[PDB]
Amino acid sequence: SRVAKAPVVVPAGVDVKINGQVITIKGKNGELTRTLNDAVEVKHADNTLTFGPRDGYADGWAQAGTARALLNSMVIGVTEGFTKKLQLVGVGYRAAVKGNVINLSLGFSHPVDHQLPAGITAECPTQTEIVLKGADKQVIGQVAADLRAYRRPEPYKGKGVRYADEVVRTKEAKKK
Amino acid sequence: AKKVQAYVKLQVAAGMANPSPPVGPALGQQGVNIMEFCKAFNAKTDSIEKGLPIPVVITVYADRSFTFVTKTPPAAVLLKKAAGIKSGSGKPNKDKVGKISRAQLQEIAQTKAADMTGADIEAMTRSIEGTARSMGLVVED
Amino acid sequence: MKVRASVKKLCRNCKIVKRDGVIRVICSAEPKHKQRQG
RNA sequence: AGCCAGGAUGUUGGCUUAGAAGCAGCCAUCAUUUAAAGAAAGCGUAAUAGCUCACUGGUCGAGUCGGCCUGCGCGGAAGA
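Per the PDB record, this model was obtained through cryo-EM at a reported resolution of 12 Å.

Trainee: Describe in detail the pattern of salt bridges, supporting the description with residues and values.
Mentor: Counting across every chain of the model gives eight salt bridges over all chains. Across the pair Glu 123 of chain A and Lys 133 of chain A runs a salt bridge whose closest N-O atoms are separated by 2.8 Å. Residue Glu 123 of chain A is located in strand β11 (residues 121–123), and its partner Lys 133 of chain A is located in strand β12 (residues 131–133); the two are separated by 10 residues in the primary sequence. For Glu 123 of chain A, a relative accessible area of 32% gives the class partly exposed. With a shortest N-O distance of 2.8 Å, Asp 46 of chain B and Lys 50 of chain B are connected by a salt bridge.

Trainee: Pulling in residues and values, what's your account of the protein's contact with RNA strand D?
Mentor: Every one of the 26 residues lining RNA strand D counts as a neighbour, but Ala 1, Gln 29, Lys 71 and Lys 80 of chain B together with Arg 12 of chain C are closest to it. Close to the protein, within 4 Å, the atoms of RNA strand D belong to sugar or phosphate groups at a rate of 66%. Between RNA strand D and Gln 29 of chain B, the relevant distance is 2.8 Å, taken from a base nitrogen to a side-chain nitrogen or oxygen of the residue. A distance of 2.8 Å separates a phosphate oxygen of RNA strand D from a polar atom in the side chain of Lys 80 of chain B. For the surface near RNA strand D, the secondary structure elements donating two or more residues are α1 (25–30) and α3 (75–79) of chain B. Its residues assigned to classes, the surface near RNA strand D comprises 14 nonpolar, five polar and seven charged.

Trainee: Quick one: what's the story with the sheet that holds strand β10 (residues 113–114) of chain A, residue by residue and with numbers?
Mentor: All names here are of chain A. Pairing in this open sheet of three strands is antiparallel, and the strands run β8-β9-β10 from one edge to the other. Edge strands, defined here as strands with exactly one partner in the open sheet, are β8 (94–97) and β10. Bridge count between β8 and strand β9 (residues 102–105): four bridges; the pairing is antiparallel. Within β9, the position partnered with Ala 96 by the bridge is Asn 103.

Trainee: For the pairing of strand β4 (residues 30–35) of chain A, give the residues involved together with the corresponding values.
Mentor: Across four bridges, the pairing between strand β3 (residues 23–27) of chain A and β4 of chain A is antiparallel. When the sheet's bridge partners are listed, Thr 24 of chain A is paired in β4 of chain A with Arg 34 of chain A.

Trainee: If you had to explain helix α2 (residues 139–147) of chain A to someone new, which residues and values would you point to?
Mentor: Buried within α2 of chain A we find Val 139, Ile 140, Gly 141, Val 143, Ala 144 and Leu 147 of chain A. Structurally, α2 of chain A contributes buried residues whose contacts are with β7 (86–89), β9, β10, β12 and β13 (160–163) of chain A.

Trainee: How would you summarise the domain arrangement of chain A if you had to cite specific residues and measurements?
Mentor: On domain assignment, one finds that chain A holds domain 1 (8–76) and domain 2 (82–163). Centre-to-centre separation of domain 1 of chain A and domain 2 of chain A, based on C-alpha positions: 30 Å.

Trainee: Please set out the interface of chain C and chain A residue by residue, giving values where relevant.
Mentor: Between chain C and chain A, the contact holds five residues from the first and four residues from the second. Interface area for chain C against chain A, summed over the two sides, is near 280 Å², with a carbon-plus-sulfur share of 39%. Among the residues of chain C in contact with chain A, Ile 26, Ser 28 and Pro 31 of chain C are the three that bury the most area, contributing 80% of the side total. Viewed at the interface, chain A and chain C are joined by zero salt bridges. The tally of links from chain C across to chain A stands at two residue pairs in polar contact. For the side of chain C that touches chain A, the per-class residue count stands at three nonpolar, one polar and one charged.

Trainee: Describe the domain arrangement of chain B, and please don't skip the residues or the numbers.
Mentor: Residue and element names in this part refer to chain B. We note that the domain assignment places domain 1 (7–71) and domain 2 (72–140) within chain B. Contacts between the two partners involve five residues from domain 1 and, on the opposite side, six residues from domain 2. Carbon and sulfur atoms make up 70% of the area that domain 1 and domain 2 hide from each other, which totals about 470 Å². Ranking the residues of domain 1 by area buried against domain 2 places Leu 52, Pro 53 and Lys 71 at the top, with a combined share of 67%. Linking domain 1 with domain 2 are one residue pair in polar contact, by the criterion used here. For the side of domain 1 that touches domain 2, a count of residues per class yields three nonpolar, one polar and one charged.

Trainee: Could you give an account of the sheet that holds strand β2 (residues 15–17) of chain A, naming the residues involved and the relevant values?
Mentor: Residue and element names in this part refer to chain A. Ordered in space as β2-β3-β4, the three strands form an open sheet in which the pairing is antiparallel. The open sheet has two edge strands, β2 and β4, and neither has a second partner. When the angles between neighbouring strand axes are averaged without regard to direction, this sheet yields 15°. Sheet topology note: the β2/β3 ladder contains three bridges and is antiparallel. By the bridge assignment for β3, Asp 15 is matched with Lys 26. Those strands touched by helix α1 (residues 64–76) are β3 and β4, and its axis lies near 35° from that of β3.

Thresholds, definitions, all that
Each chain has its residues counted from 1 in the order its sequence is written, and this count may differ from the entry's own numbering; any residue lacking coordinates is left out. Whichever chain is written first becomes A and whichever ligand is written first becomes 1, with later ones labelled in order. Each value given relates to the chains shown, not to the larger assembly they are part of. Hydrogens and waters are ignored; side-chain quantities use all the structure's heavy atoms. What counts as a salt bridge is simple: a side-chain nitrogen of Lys or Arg found within 4 Å of a carboxyl oxygen of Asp or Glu. Labels follow the DSSP assignment, with helices taken as runs of H or I lasting at least four residues and strands as runs of E lasting at least two, numbered in each case from the N terminus. To sort residues, take the accessible area from a 1.4 Å probe on protein chains only and compare it with the maximum for the residue type: under 20% means buried, over 50% means exposed, and anything in between is partly exposed. A molecule or strand has a residue near it when one of that residue's heavy atoms lies within 4 Å. Polar contact is the term for a pair of N or O atoms within 3.5 Å; when the atoms are in protein, one must be able to donate a hydrogen and the other to accept it, and sequence-neighboring residues count only if both atoms are side-chain atoms. For this classification, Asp, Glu, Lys and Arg are treated as charged, while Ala, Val, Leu, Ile, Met, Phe, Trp, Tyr, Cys and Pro are nonpolar and the rest, including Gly, are polar. Pairing between strands is defined by DSSP: at least two bridges between them are needed. In what follows, residue pairs with any heavy atoms lying within 4.5 Å of each other are defined as contacts. Here the bounds of each domain stem from an automatic or database domain assignment. Throughout, the accessible surface (probe 1.4 Å) given up by two parts as they are put together, summed over both, is called the buried area. Fitted lines through C-alpha atoms serve as axes, helices being fitted only where they are in contact, and the angles separating the N-to-C directions of these axes extend from 0 to 180 degrees.

This is the structure we're talking about:
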């Protein structure tokens, strides 16, 4: 274990409510973002924050380095937003988005539709980009993972739903 | 050289009658066709140095034009004839036995004197020592 | 590929990680080299 | 280890060969400059390149890398 031994700094102009039940945060890029308490407790008696085990819960010290990550992302989600990575590639396949309800045309008779969770916004700014906005880095990752449930792109043509992060490439006339 | 054009290399074996590099696709990308350079060009090297194999490199110009230029004959070519035996000890990747004295190095150090003019021979006997242990040769230090 | 209990070393181009208890191996450049359990 | 920023000058090296700019072999593997560096590590090309790196700087930060030795665990694990 390494990362729970070290601090994180509160950015200027960010506003927290952090001394009791329900942690609430706001900043430049997000307003009334809140989360319920769990097995990790944060110290706020300096302009740097540190994590440790919350009393009344179990095994929270093994979770303190994980709480730090979710808290850092909970600041990012109210100060600048997250990195866009979802794409749909190949001619004849394209996304549709209402704002609000999103649908993929990817060569199936399945619905391939998503009504979106609360507080999530969806955009499709090009023929191949998809974007998800919110303050929970996991919800904008998991809504993208429901959108990545059909049409997996192959090492012969590379056509379907993909991330800007891959373990496969296309190979033509390969060895053999 | 701080600026270099890096023209295609044309090394082929001695006495070879049907070479493959002077028709290869690298001359195709350099943009030239070679007509006379690899079958009787031993006379065109003997016309610039005798009893000593000299290296030759291409220089290319506009209108598919080319000129051939000489290099320094490497010290290895002199070492392979220093002891009055064929190729010295012969091939690399071989058991070492043939030893070169500082008197033999000081015989080939004379190749530097036209550029190393300061009249110190012991210095030129060390400035010729660069990779002198190549070709499986043994060196006196 | 095969189901395997040996991972060893076989190709220097492999990238190895332990995932959901098992060792996973994928190879970018050298052909057919892959493992899903180990 | 990570993140960002650096990947040359001597060098168009010499030997063998089928050719080979590190880029399958052999000689070696240093000197120089700096904010900074392998005649080369790997994929790769007809070869460079493309690069992803080796190696330093800044940063952060105190232990850590490969083996040897000695113990305990994991996956190895289908049948009525």
